[PDB]
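Novice: So that we are looking at the same thing, I have put the structure below in structure tokens.
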Amino acid sequence: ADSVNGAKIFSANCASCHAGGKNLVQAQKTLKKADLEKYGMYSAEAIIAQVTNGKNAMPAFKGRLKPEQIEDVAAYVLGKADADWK
Ligand code: HEC
């Protein structure tokens, strides 16, 4: 995975709702490490699944983003949560 490419994908596709690791639609489901851990979402597998297929009001990105781009954005989230958002 490529977290740098991931940051590009995040900026273009995710920051509308998750700027600063928040969640503008469903406020407690943030991208902070502690919340990812709490919800079982602190892994590449988990983030890829949810980005790909969606969850409730979290959009699915299958088709929109290529599989590699989904992998890279997952890497970005994990890295950013580790470094800055928690
Ligand atoms: C609004 C239109 C959103 C956009 C754009 C993106 N996300 Fe999202 N995300 C959104 C919601 C409403 C939710 C909660 C879903 C639920 O009901 O549980 C989410 C959740 C996530 C999570 C998990 C967070 C956690 O459990 O604490 C992740 C990892 C996530 N979203 C990632 C993510 C990425 C990488 C995005 C762009 C490709 C993205 N989201 C866009 C709302 C919206």
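Scheme for the structure tokens: letters A, B, ... for chains in order shown; per-chain residue numbers from 1; ligand numbers from 1 in order shown.
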Give as a compact mmCIF listing (two decimals) with N, CA and C atoms, in the first residue's frame the residues surrounding ligand 1 up to a distance of 6 Å, considering only C-alpha atoms and all ligand atoms.

Specialist:
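After the write, pocket19.txt holds the following:
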# COMPACT_ATOMS: atom_id res chain seq x y z
N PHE A 10 -7.72 10.51 -0.16
CA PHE A 10 -8.49 10.98 0.97
C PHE A 10 -8.96 12.40 0.73
N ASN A 13 -11.77 12.39 -1.91
CA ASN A 13 -12.95 11.59 -1.73
C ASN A 13 -13.56 11.51 -0.33
N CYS A 14 -12.79 11.86 0.71
CA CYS A 14 -13.19 11.56 2.06
C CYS A 14 -13.31 12.74 2.95
N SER A 16 -14.78 15.54 2.63
CA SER A 16 -16.09 16.12 2.75
C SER A 16 -16.78 15.75 4.03
N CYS A 17 -16.57 14.51 4.47
CA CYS A 17 -17.14 14.05 5.73
C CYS A 17 -16.22 13.71 6.86
N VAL A 25 -21.44 13.29 9.40
CA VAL A 25 -22.75 12.65 9.28
C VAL A 25 -23.18 11.84 10.50
N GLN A 26 -22.24 11.14 11.13
CA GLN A 26 -22.50 10.24 12.24
C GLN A 26 -21.36 10.46 13.20
N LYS A 29 -18.50 8.14 14.97
CA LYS A 29 -17.81 7.11 14.16
C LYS A 29 -16.64 7.77 13.44
N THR A 30 -15.72 8.29 14.22
CA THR A 30 -14.62 9.10 13.69
C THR A 30 -13.48 8.22 13.20
N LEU A 31 -12.46 8.86 12.66
CA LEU A 31 -11.29 8.13 12.19
C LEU A 31 -10.14 8.20 13.20
N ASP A 35 -11.32 5.42 18.33
CA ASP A 35 -12.60 5.03 17.79
C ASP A 35 -12.47 3.88 16.79
N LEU A 36 -11.49 3.93 15.88
CA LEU A 36 -11.29 2.78 15.02
C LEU A 36 -11.13 1.49 15.81
N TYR A 39 -14.47 0.27 17.44
CA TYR A 39 -15.43 -0.24 16.50
C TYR A 39 -14.94 -1.40 15.64
N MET A 41 -12.30 -1.39 13.57
CA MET A 41 -12.02 -0.83 12.23
C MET A 41 -10.54 -0.47 12.11
N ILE A 47 -10.97 -1.53 6.98
CA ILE A 47 -11.19 -0.26 6.27
C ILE A 47 -11.46 -0.49 4.77
N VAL A 51 -14.82 0.83 3.01
CA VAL A 51 -14.67 1.75 1.88
C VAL A 51 -15.24 1.16 0.60
N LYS A 55 -21.30 1.38 4.44
CA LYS A 55 -21.94 0.99 5.66
C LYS A 55 -22.93 2.12 5.99
N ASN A 56 -24.20 1.83 5.79
CA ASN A 56 -25.26 2.81 6.20
C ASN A 56 -25.01 4.04 5.39
N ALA A 57 -24.76 5.17 6.04
CA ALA A 57 -24.55 6.41 5.30
C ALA A 57 -23.07 6.65 4.88
N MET A 58 -22.20 5.70 5.17
CA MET A 58 -20.85 5.74 4.63
C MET A 58 -20.96 5.19 3.24
N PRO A 59 -20.67 5.99 2.19
CA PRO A 59 -20.75 5.55 0.79
C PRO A 59 -19.83 4.36 0.50
N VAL A 73 -5.86 4.36 0.36
CA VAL A 73 -6.58 5.20 1.28
C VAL A 73 -6.74 4.54 2.67
N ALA A 74 -6.91 3.23 2.68
CA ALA A 74 -6.97 2.50 3.96
C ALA A 74 -5.64 2.68 4.73

Novice: Using DSSP secondary structure from the backbone, list all strand (DSSP E or B) positions within chain A, as an MDAnalysis selection string.

Specialist: chainID A and resid 55 58 62 65

Novice: Pull C-alpha atoms from the residues just selected and write them as a JSON list (two decimals), in the first residue's frame.

Specialist:
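Output saved as again_5.json:
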[["chain", "number", "residue", "atom", "x", "y", "z"],
["A", 55, "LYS", "CA", -21.94, 0.99, 5.66],
["A", 58, "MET", "CA", -20.85, 5.74, 4.63],
["A", 62, "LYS", "CA", -16.39, 0.11, -5.35],
["A", 65, "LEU", "CA", -12.14, 4.13, -6.84]]

Novice: Can you pull out the residues contacting residue 75 (chain A)? Cut-off 12 Å, using only C-alpha atoms, and skip same-chain residues under 2 positions away; I want them as a PyMOL selection string.

Specialist: chain A and resi 1-10+42-48+51+68-73+77-82

Novice: Could you write out the selected residues, including N, CA and C atoms, as a PDB file, in the first residue's frame?

Specialist:
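Result file follows (again_22.pdb):
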ATOM      1  N   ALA A   1       0.864  -1.223   0.000  1.00  0.00           N
ATOM      2  CA  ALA A   1       0.000   0.000   0.000  1.00  0.00           C
ATOM      3  C   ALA A   1       0.868   1.229   0.000  1.00  0.00           C
ATOM      4  N   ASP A   2       0.322   2.323  -0.532  1.00  0.00           N
ATOM      5  CA  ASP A   2       1.041   3.582  -0.692  1.00  0.00           C
ATOM      6  C   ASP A   2       0.226   4.693   0.004  1.00  0.00           C
ATOM      7  N   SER A   3       0.621   5.030   1.224  1.00  0.00           N
ATOM      8  CA  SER A   3      -0.068   6.028   2.066  1.00  0.00           C
ATOM      9  C   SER A   3      -0.059   7.451   1.505  1.00  0.00           C
ATOM     10  N   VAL A   4       0.981   7.793   0.793  1.00  0.00           N
ATOM     11  CA  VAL A   4       1.082   9.049   0.108  1.00  0.00           C
ATOM     12  C   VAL A   4       0.049   9.160  -0.967  1.00  0.00           C
ATOM     13  N   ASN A   5      -0.097   8.109  -1.794  1.00  0.00           N
ATOM     14  CA  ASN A   5      -1.146   8.106  -2.775  1.00  0.00           C
ATOM     15  C   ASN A   5      -2.468   8.137  -2.016  1.00  0.00           C
ATOM     16  N   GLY A   6      -2.484   7.375  -0.913  1.00  0.00           N
ATOM     17  CA  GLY A   6      -3.642   7.381  -0.028  1.00  0.00           C
ATOM     18  C   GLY A   6      -4.138   8.750   0.424  1.00  0.00           C
ATOM     19  N   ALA A   7      -3.209   9.637   0.807  1.00  0.00           N
ATOM     20  CA  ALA A   7      -3.540  10.990   1.175  1.00  0.00           C
ATOM     21  C   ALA A   7      -4.189  11.779   0.071  1.00  0.00           C
ATOM     22  N   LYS A   8      -3.735  11.522  -1.155  1.00  0.00           N
ATOM     23  CA  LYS A   8      -4.341  12.140  -2.323  1.00  0.00           C
ATOM     24  C   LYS A   8      -5.799  11.680  -2.503  1.00  0.00           C
ATOM     25  N   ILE A   9      -6.031  10.385  -2.334  1.00  0.00           N
ATOM     26  CA  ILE A   9      -7.353   9.823  -2.464  1.00  0.00           C
ATOM     27  C   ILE A   9      -8.266  10.348  -1.359  1.00  0.00           C
ATOM     28  N   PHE A  10      -7.716  10.506  -0.156  1.00  0.00           N
ATOM     29  CA  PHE A  10      -8.489  10.975   0.966  1.00  0.00           C
ATOM     30  C   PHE A  10      -8.961  12.398   0.726  1.00  0.00           C
ATOM     31  N   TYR A  42      -9.715  -0.851  13.088  1.00  0.00           N
ATOM     32  CA  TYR A  42      -8.297  -0.494  13.036  1.00  0.00           C
ATOM     33  C   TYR A  42      -7.450  -1.551  12.320  1.00  0.00           C
ATOM     34  N   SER A  43      -7.746  -1.797  11.043  1.00  0.00           N
ATOM     35  CA  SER A  43      -6.975  -2.730  10.237  1.00  0.00           C
ATOM     36  C   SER A  43      -7.250  -2.412   8.795  1.00  0.00           C
ATOM     37  N   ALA A  44      -6.279  -2.717   7.979  1.00  0.00           N
ATOM     38  CA  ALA A  44      -6.461  -2.525   6.540  1.00  0.00           C
ATOM     39  C   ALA A  44      -7.623  -3.327   6.002  1.00  0.00           C
ATOM     40  N   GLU A  45      -7.740  -4.589   6.399  1.00  0.00           N
ATOM     41  CA  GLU A  45      -8.862  -5.419   5.972  1.00  0.00           C
ATOM     42  C   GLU A  45     -10.211  -4.745   6.235  1.00  0.00           C
ATOM     43  N   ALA A  46     -10.415  -4.293   7.469  1.00  0.00           N
ATOM     44  CA  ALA A  46     -11.665  -3.670   7.869  1.00  0.00           C
ATOM     45  C   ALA A  46     -11.977  -2.370   7.120  1.00  0.00           C
ATOM     46  N   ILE A  47     -10.974  -1.529   6.983  1.00  0.00           N
ATOM     47  CA  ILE A  47     -11.190  -0.259   6.273  1.00  0.00           C
ATOM     48  C   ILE A  47     -11.458  -0.488   4.772  1.00  0.00           C
ATOM     49  N   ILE A  48     -10.698  -1.400   4.164  1.00  0.00           N
ATOM     50  CA  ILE A  48     -10.966  -1.770   2.785  1.00  0.00           C
ATOM     51  C   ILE A  48     -12.371  -2.271   2.589  1.00  0.00           C
ATOM     52  N   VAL A  51     -14.816   0.829   3.009  1.00  0.00           N
ATOM     53  CA  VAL A  51     -14.673   1.747   1.876  1.00  0.00           C
ATOM     54  C   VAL A  51     -15.243   1.164   0.604  1.00  0.00           C
ATOM     55  N   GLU A  68      -6.714  -0.658  -5.980  1.00  0.00           N
ATOM     56  CA  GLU A  68      -5.480  -0.184  -5.435  1.00  0.00           C
ATOM     57  C   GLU A  68      -5.604   1.140  -4.683  1.00  0.00           C
ATOM     58  N   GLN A  69      -6.467   2.027  -5.191  1.00  0.00           N
ATOM     59  CA  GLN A  69      -6.726   3.314  -4.567  1.00  0.00           C
ATOM     60  C   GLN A  69      -7.424   3.109  -3.170  1.00  0.00           C
ATOM     61  N   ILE A  70      -8.305   2.125  -3.113  1.00  0.00           N
ATOM     62  CA  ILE A  70      -8.989   1.803  -1.867  1.00  0.00           C
ATOM     63  C   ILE A  70      -7.982   1.273  -0.849  1.00  0.00           C
ATOM     64  N   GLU A  71      -7.113   0.370  -1.309  1.00  0.00           N
ATOM     65  CA  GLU A  71      -6.041  -0.109  -0.468  1.00  0.00           C
ATOM     66  C   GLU A  71      -5.152   1.077   0.043  1.00  0.00           C
ATOM     67  N   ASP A  72      -4.789   1.993  -0.848  1.00  0.00           N
ATOM     68  CA  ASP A  72      -3.901   3.090  -0.461  1.00  0.00           C
ATOM     69  C   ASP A  72      -4.578   4.075   0.557  1.00  0.00           C
ATOM     70  N   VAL A  73      -5.861   4.362   0.363  1.00  0.00           N
ATOM     71  CA  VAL A  73      -6.580   5.203   1.282  1.00  0.00           C
ATOM     72  C   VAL A  73      -6.738   4.538   2.668  1.00  0.00           C
ATOM     73  N   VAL A  77      -5.470   6.252   6.181  1.00  0.00           N
ATOM     74  CA  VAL A  77      -6.240   6.339   7.388  1.00  0.00           C
ATOM     75  C   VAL A  77      -5.528   5.703   8.564  1.00  0.00           C
ATOM     76  N   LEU A  78      -5.035   4.487   8.376  1.00  0.00           N
ATOM     77  CA  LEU A  78      -4.322   3.843   9.483  1.00  0.00           C
ATOM     78  C   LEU A  78      -3.125   4.646   9.951  1.00  0.00           C
ATOM     79  N   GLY A  79      -2.363   5.175   8.985  1.00  0.00           N
ATOM     80  CA  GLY A  79      -1.187   5.953   9.310  1.00  0.00           C
ATOM     81  C   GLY A  79      -1.493   7.286   9.997  1.00  0.00           C
ATOM     82  N   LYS A  80      -2.533   7.959   9.504  1.00  0.00           N
ATOM     83  CA  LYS A  80      -2.942   9.262  10.028  1.00  0.00           C
ATOM     84  C   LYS A  80      -3.536   9.146  11.405  1.00  0.00           C
ATOM     85  N   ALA A  81      -4.339   8.108  11.629  1.00  0.00           N
ATOM     86  CA  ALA A  81      -4.872   7.801  12.934  1.00  0.00           C
ATOM     87  C   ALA A  81      -3.775   7.513  13.969  1.00  0.00           C
ATOM     88  N   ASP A  82      -2.799   6.716  13.561  1.00  0.00           N
ATOM     89  CA  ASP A  82      -1.573   6.417  14.340  1.00  0.00           C
ATOM     90  C   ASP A  82      -0.793   7.701  14.693  1.00  0.00           C
TER      91      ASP A  82
END

Novice: Report, in Å to a single decimal, how far apart CA of residue 85 (chain A) and CA of residue 33 (chain A) are.

Specialist: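 CA of residue 85 (chain A) lies at a distance of 6.3 Å from CA of residue 33 (chain A).
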
Novice: What separation in Å, quoted to one decimal, exists between CA of residue 12 (chain A) and CA of residue 63 (chain A)?

Specialist: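 Separating CA of residue 12 (chain A) from CA of residue 63 (chain A) is a distance of 15.3 Å.
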
Novice: Give the alpha helix (DSSP H) residues of chain A, as DSSP finds them on the backbone, and put them as a PDB file with N, CA, C and O atoms, in the first residue's frame.

Specialist:
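Printed below is part-v1.pdb as written:
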ATOM      1  N   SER A   3       0.621   5.030   1.224  1.00  0.00           N
ATOM      2  CA  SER A   3      -0.068   6.028   2.066  1.00  0.00           C
ATOM      3  C   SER A   3      -0.059   7.451   1.505  1.00  0.00           C
ATOM      4  O   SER A   3      -0.928   8.267   1.827  1.00  0.00           O
ATOM      5  N   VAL A   4       0.981   7.793   0.793  1.00  0.00           N
ATOM      6  CA  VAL A   4       1.082   9.049   0.108  1.00  0.00           C
ATOM      7  C   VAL A   4       0.049   9.160  -0.967  1.00  0.00           C
ATOM      8  O   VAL A   4      -0.638  10.160  -1.033  1.00  0.00           O
ATOM      9  N   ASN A   5      -0.097   8.109  -1.794  1.00  0.00           N
ATOM     10  CA  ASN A   5      -1.146   8.106  -2.775  1.00  0.00           C
ATOM     11  C   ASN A   5      -2.468   8.137  -2.016  1.00  0.00           C
ATOM     12  O   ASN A   5      -3.485   8.723  -2.467  1.00  0.00           O
ATOM     13  N   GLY A   6      -2.484   7.375  -0.913  1.00  0.00           N
ATOM     14  CA  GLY A   6      -3.642   7.381  -0.028  1.00  0.00           C
ATOM     15  C   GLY A   6      -4.138   8.750   0.424  1.00  0.00           C
ATOM     16  O   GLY A   6      -5.364   8.986   0.485  1.00  0.00           O
ATOM     17  N   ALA A   7      -3.209   9.637   0.807  1.00  0.00           N
ATOM     18  CA  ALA A   7      -3.540  10.990   1.175  1.00  0.00           C
ATOM     19  C   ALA A   7      -4.189  11.779   0.071  1.00  0.00           C
ATOM     20  O   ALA A   7      -5.127  12.566   0.326  1.00  0.00           O
ATOM     21  N   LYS A   8      -3.735  11.522  -1.155  1.00  0.00           N
ATOM     22  CA  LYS A   8      -4.341  12.140  -2.323  1.00  0.00           C
ATOM     23  C   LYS A   8      -5.799  11.680  -2.503  1.00  0.00           C
ATOM     24  O   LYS A   8      -6.720  12.475  -2.738  1.00  0.00           O
ATOM     25  N   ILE A   9      -6.031  10.385  -2.334  1.00  0.00           N
ATOM     26  CA  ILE A   9      -7.353   9.823  -2.464  1.00  0.00           C
ATOM     27  C   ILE A   9      -8.266  10.348  -1.359  1.00  0.00           C
ATOM     28  O   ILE A   9      -9.461  10.677  -1.630  1.00  0.00           O
ATOM     29  N   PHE A  10      -7.716  10.506  -0.156  1.00  0.00           N
ATOM     30  CA  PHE A  10      -8.489  10.975   0.966  1.00  0.00           C
ATOM     31  C   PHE A  10      -8.961  12.398   0.726  1.00  0.00           C
ATOM     32  O   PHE A  10     -10.126  12.751   0.977  1.00  0.00           O
ATOM     33  N   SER A  11      -8.023  13.236   0.300  1.00  0.00           N
ATOM     34  CA  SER A  11      -8.320  14.604   0.020  1.00  0.00           C
ATOM     35  C   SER A  11      -9.411  14.797  -1.002  1.00  0.00           C
ATOM     36  O   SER A  11     -10.286  15.648  -0.839  1.00  0.00           O
ATOM     37  N   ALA A  12      -9.408  13.956  -2.001  1.00  0.00           N
ATOM     38  CA  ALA A  12     -10.389  14.015  -3.080  1.00  0.00           C
ATOM     39  C   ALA A  12     -11.735  13.360  -2.812  1.00  0.00           C
ATOM     40  O   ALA A  12     -12.735  13.709  -3.435  1.00  0.00           O
ATOM     41  N   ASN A  13     -11.770  12.386  -1.913  1.00  0.00           N
ATOM     42  CA  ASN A  13     -12.950  11.593  -1.735  1.00  0.00           C
ATOM     43  C   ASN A  13     -13.555  11.512  -0.328  1.00  0.00           C
ATOM     44  O   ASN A  13     -14.634  11.006  -0.173  1.00  0.00           O
ATOM     45  N   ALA A  15     -12.616  13.830   2.611  1.00  0.00           N
ATOM     46  CA  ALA A  15     -12.513  14.963   3.527  1.00  0.00           C
ATOM     47  C   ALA A  15     -13.853  15.754   3.590  1.00  0.00           C
ATOM     48  O   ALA A  15     -14.032  16.499   4.497  1.00  0.00           O
ATOM     49  N   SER A  16     -14.779  15.543   2.634  1.00  0.00           N
ATOM     50  CA  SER A  16     -16.089  16.124   2.747  1.00  0.00           C
ATOM     51  C   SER A  16     -16.776  15.753   4.029  1.00  0.00           C
ATOM     52  O   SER A  16     -17.554  16.498   4.577  1.00  0.00           O
ATOM     53  N   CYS A  17     -16.567  14.508   4.475  1.00  0.00           N
ATOM     54  CA  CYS A  17     -17.142  14.047   5.729  1.00  0.00           C
ATOM     55  C   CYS A  17     -16.216  13.713   6.861  1.00  0.00           C
ATOM     56  O   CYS A  17     -16.639  13.697   8.026  1.00  0.00           O
ATOM     57  N   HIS A  18     -14.931  13.500   6.574  1.00  0.00           N
ATOM     58  CA  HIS A  18     -13.993  13.063   7.570  1.00  0.00           C
ATOM     59  C   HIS A  18     -12.775  14.007   7.713  1.00  0.00           C
ATOM     60  O   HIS A  18     -11.743  13.625   8.190  1.00  0.00           O
ATOM     61  N   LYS A  33      -7.800   6.937  16.094  1.00  0.00           N
ATOM     62  CA  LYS A  33      -7.350   5.579  16.433  1.00  0.00           C
ATOM     63  C   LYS A  33      -8.225   4.927  17.511  1.00  0.00           C
ATOM     64  O   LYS A  33      -8.607   3.726  17.408  1.00  0.00           O
ATOM     65  N   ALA A  34      -8.588   5.682  18.551  1.00  0.00           N
ATOM     66  CA  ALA A  34      -9.329   5.079  19.645  1.00  0.00           C
ATOM     67  C   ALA A  34     -10.697   4.652  19.212  1.00  0.00           C
ATOM     68  O   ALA A  34     -11.166   3.575  19.658  1.00  0.00           O
ATOM     69  N   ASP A  35     -11.315   5.420  18.334  1.00  0.00           N
ATOM     70  CA  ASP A  35     -12.596   5.032  17.793  1.00  0.00           C
ATOM     71  C   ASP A  35     -12.468   3.879  16.789  1.00  0.00           C
ATOM     72  O   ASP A  35     -13.309   2.914  16.817  1.00  0.00           O
ATOM     73  N   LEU A  36     -11.488   3.927  15.880  1.00  0.00           N
ATOM     74  CA  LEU A  36     -11.292   2.778  15.023  1.00  0.00           C
ATOM     75  C   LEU A  36     -11.131   1.493  15.811  1.00  0.00           C
ATOM     76  O   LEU A  36     -11.767   0.472  15.520  1.00  0.00           O
ATOM     77  N   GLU A  37     -10.317   1.569  16.877  1.00  0.00           N
ATOM     78  CA  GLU A  37     -10.113   0.381  17.743  1.00  0.00           C
ATOM     79  C   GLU A  37     -11.416  -0.044  18.389  1.00  0.00           C
ATOM     80  O   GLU A  37     -11.774  -1.239  18.365  1.00  0.00           O
ATOM     81  N   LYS A  38     -12.155   0.917  18.879  1.00  0.00           N
ATOM     82  CA  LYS A  38     -13.422   0.643  19.599  1.00  0.00           C
ATOM     83  C   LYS A  38     -14.396  -0.114  18.716  1.00  0.00           C
ATOM     84  O   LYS A  38     -15.158  -0.992  19.226  1.00  0.00           O
ATOM     85  N   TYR A  39     -14.470   0.275  17.436  1.00  0.00           N
ATOM     86  CA  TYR A  39     -15.435  -0.235  16.498  1.00  0.00           C
ATOM     87  C   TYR A  39     -14.937  -1.400  15.643  1.00  0.00           C
ATOM     88  O   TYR A  39     -15.662  -1.883  14.752  1.00  0.00           O
ATOM     89  N   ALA A  44      -6.279  -2.717   7.979  1.00  0.00           N
ATOM     90  CA  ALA A  44      -6.461  -2.525   6.540  1.00  0.00           C
ATOM     91  C   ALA A  44      -7.623  -3.327   6.002  1.00  0.00           C
ATOM     92  O   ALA A  44      -8.443  -2.769   5.249  1.00  0.00           O
ATOM     93  N   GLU A  45      -7.740  -4.589   6.399  1.00  0.00           N
ATOM     94  CA  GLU A  45      -8.862  -5.419   5.972  1.00  0.00           C
ATOM     95  C   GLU A  45     -10.211  -4.745   6.235  1.00  0.00           C
ATOM     96  O   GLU A  45     -11.048  -4.643   5.339  1.00  0.00           O
ATOM     97  N   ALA A  46     -10.415  -4.293   7.469  1.00  0.00           N
ATOM     98  CA  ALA A  46     -11.665  -3.670   7.869  1.00  0.00           C
ATOM     99  C   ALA A  46     -11.977  -2.370   7.120  1.00  0.00           C
ATOM    100  O   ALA A  46     -13.099  -2.150   6.683  1.00  0.00           O
ATOM    101  N   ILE A  47     -10.974  -1.529   6.983  1.00  0.00           N
ATOM    102  CA  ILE A  47     -11.190  -0.259   6.273  1.00  0.00           C
ATOM    103  C   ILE A  47     -11.458  -0.488   4.772  1.00  0.00           C
ATOM    104  O   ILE A  47     -12.362   0.084   4.193  1.00  0.00           O
ATOM    105  N   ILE A  48     -10.698  -1.400   4.164  1.00  0.00           N
ATOM    106  CA  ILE A  48     -10.966  -1.770   2.785  1.00  0.00           C
ATOM    107  C   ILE A  48     -12.371  -2.271   2.589  1.00  0.00           C
ATOM    108  O   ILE A  48     -13.075  -1.854   1.615  1.00  0.00           O
ATOM    109  N   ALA A  49     -12.851  -3.070   3.506  1.00  0.00           N
ATOM    110  CA  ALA A  49     -14.209  -3.645   3.343  1.00  0.00           C
ATOM    111  C   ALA A  49     -15.248  -2.573   3.385  1.00  0.00           C
ATOM    112  O   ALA A  49     -16.163  -2.616   2.586  1.00  0.00           O
ATOM    113  N   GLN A  50     -15.090  -1.617   4.321  1.00  0.00           N
ATOM    114  CA  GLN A  50     -16.076  -0.596   4.499  1.00  0.00           C
ATOM    115  C   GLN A  50     -16.009   0.468   3.434  1.00  0.00           C
ATOM    116  O   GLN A  50     -17.088   0.925   2.959  1.00  0.00           O
ATOM    117  N   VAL A  51     -14.816   0.829   3.009  1.00  0.00           N
ATOM    118  CA  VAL A  51     -14.673   1.747   1.876  1.00  0.00           C
ATOM    119  C   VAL A  51     -15.243   1.164   0.604  1.00  0.00           C
ATOM    120  O   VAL A  51     -15.908   1.862  -0.192  1.00  0.00           O
ATOM    121  N   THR A  52     -14.996  -0.119   0.379  1.00  0.00           N
ATOM    122  CA  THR A  52     -15.451  -0.777  -0.827  1.00  0.00           C
ATOM    123  C   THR A  52     -16.957  -0.903  -0.852  1.00  0.00           C
ATOM    124  O   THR A  52     -17.556  -0.541  -1.879  1.00  0.00           O
ATOM    125  N   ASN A  53     -17.561  -1.423   0.232  1.00  0.00           N
ATOM    126  CA  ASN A  53     -18.923  -1.811   0.214  1.00  0.00           C
ATOM    127  C   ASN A  53     -19.858  -0.825   0.877  1.00  0.00           C
ATOM    128  O   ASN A  53     -21.093  -0.921   0.760  1.00  0.00           O
ATOM    129  N   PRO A  67      -9.404  -0.676  -7.022  1.00  0.00           N
ATOM    130  CA  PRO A  67      -8.993  -1.440  -5.860  1.00  0.00           C
ATOM    131  C   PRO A  67      -7.708  -1.029  -5.199  1.00  0.00           C
ATOM    132  O   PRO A  67      -7.624  -1.026  -3.930  1.00  0.00           O
ATOM    133  N   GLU A  68      -6.714  -0.658  -5.980  1.00  0.00           N
ATOM    134  CA  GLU A  68      -5.480  -0.184  -5.435  1.00  0.00           C
ATOM    135  C   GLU A  68      -5.604   1.140  -4.683  1.00  0.00           C
ATOM    136  O   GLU A  68      -4.902   1.381  -3.716  1.00  0.00           O
ATOM    137  N   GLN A  69      -6.467   2.027  -5.191  1.00  0.00           N
ATOM    138  CA  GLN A  69      -6.726   3.314  -4.567  1.00  0.00           C
ATOM    139  C   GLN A  69      -7.424   3.109  -3.170  1.00  0.00           C
ATOM    140  O   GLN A  69      -7.122   3.808  -2.200  1.00  0.00           O
ATOM    141  N   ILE A  70      -8.305   2.125  -3.113  1.00  0.00           N
ATOM    142  CA  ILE A  70      -8.989   1.803  -1.867  1.00  0.00           C
ATOM    143  C   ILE A  70      -7.982   1.273  -0.849  1.00  0.00           C
ATOM    144  O   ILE A  70      -7.974   1.643   0.327  1.00  0.00           O
ATOM    145  N   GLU A  71      -7.113   0.370  -1.309  1.00  0.00           N
ATOM    146  CA  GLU A  71      -6.041  -0.109  -0.468  1.00  0.00           C
ATOM    147  C   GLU A  71      -5.152   1.077   0.043  1.00  0.00           C
ATOM    148  O   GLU A  71      -4.826   1.136   1.222  1.00  0.00           O
ATOM    149  N   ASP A  72      -4.789   1.993  -0.848  1.00  0.00           N
ATOM    150  CA  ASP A  72      -3.901   3.090  -0.461  1.00  0.00           C
ATOM    151  C   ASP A  72      -4.578   4.075   0.557  1.00  0.00           C
ATOM    152  O   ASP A  72      -3.957   4.445   1.540  1.00  0.00           O
ATOM    153  N   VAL A  73      -5.861   4.362   0.363  1.00  0.00           N
ATOM    154  CA  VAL A  73      -6.580   5.203   1.282  1.00  0.00           C
ATOM    155  C   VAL A  73      -6.738   4.538   2.668  1.00  0.00           C
ATOM    156  O   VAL A  73      -6.652   5.203   3.703  1.00  0.00           O
ATOM    157  N   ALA A  74      -6.914   3.229   2.683  1.00  0.00           N
ATOM    158  CA  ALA A  74      -6.965   2.502   3.956  1.00  0.00           C
ATOM    159  C   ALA A  74      -5.636   2.678   4.728  1.00  0.00           C
ATOM    160  O   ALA A  74      -5.598   2.923   5.957  1.00  0.00           O
ATOM    161  N   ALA A  75      -4.541   2.508   4.002  1.00  0.00           N
ATOM    162  CA  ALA A  75      -3.181   2.724   4.539  1.00  0.00           C
ATOM    163  C   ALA A  75      -3.004   4.131   5.087  1.00  0.00           C
ATOM    164  O   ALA A  75      -2.429   4.301   6.191  1.00  0.00           O
ATOM    165  N   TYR A  76      -3.547   5.108   4.351  1.00  0.00           N
ATOM    166  CA  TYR A  76      -3.502   6.487   4.795  1.00  0.00           C
ATOM    167  C   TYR A  76      -4.221   6.731   6.130  1.00  0.00           C
ATOM    168  O   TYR A  76      -3.642   7.288   7.069  1.00  0.00           O
ATOM    169  N   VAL A  77      -5.470   6.252   6.181  1.00  0.00           N
ATOM    170  CA  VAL A  77      -6.240   6.339   7.388  1.00  0.00           C
ATOM    171  C   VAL A  77      -5.528   5.703   8.564  1.00  0.00           C
ATOM    172  O   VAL A  77      -5.451   6.267   9.623  1.00  0.00           O
ATOM    173  N   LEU A  78      -5.035   4.487   8.376  1.00  0.00           N
ATOM    174  CA  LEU A  78      -4.322   3.843   9.483  1.00  0.00           C
ATOM    175  C   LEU A  78      -3.125   4.646   9.951  1.00  0.00           C
ATOM    176  O   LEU A  78      -2.898   4.821  11.157  1.00  0.00           O
ATOM    177  N   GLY A  79      -2.363   5.175   8.985  1.00  0.00           N
ATOM    178  CA  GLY A  79      -1.187   5.953   9.310  1.00  0.00           C
ATOM    179  C   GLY A  79      -1.493   7.286   9.997  1.00  0.00           C
ATOM    180  O   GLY A  79      -0.792   7.737  10.928  1.00  0.00           O
ATOM    181  N   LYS A  80      -2.533   7.959   9.504  1.00  0.00           N
ATOM    182  CA  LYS A  80      -2.942   9.262  10.028  1.00  0.00           C
ATOM    183  C   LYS A  80      -3.536   9.146  11.405  1.00  0.00           C
ATOM    184  O   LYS A  80      -3.314   9.981  12.256  1.00  0.00           O
ATOM    185  N   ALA A  81      -4.339   8.108  11.629  1.00  0.00           N
ATOM    186  CA  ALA A  81      -4.872   7.801  12.934  1.00  0.00           C
ATOM    187  C   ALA A  81      -3.775   7.513  13.969  1.00  0.00           C
ATOM    188  O   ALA A  81      -3.883   7.926  15.125  1.00  0.00           O
ATOM    189  N   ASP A  82      -2.799   6.716  13.561  1.00  0.00           N
ATOM    190  CA  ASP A  82      -1.573   6.417  14.340  1.00  0.00           C
ATOM    191  C   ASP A  82      -0.793   7.701  14.693  1.00  0.00           C
ATOM    192  O   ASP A  82      -0.275   7.808  15.800  1.00  0.00           O
ATOM    193  N   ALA A  83      -0.688   8.622  13.768  1.00  0.00           N
ATOM    194  CA  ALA A  83       0.255   9.744  13.910  1.00  0.00           C
ATOM    195  C   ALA A  83      -0.401  10.933  14.547  1.00  0.00           C
ATOM    196  O   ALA A  83       0.152  11.583  15.468  1.00  0.00           O
TER     197      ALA A  83
END
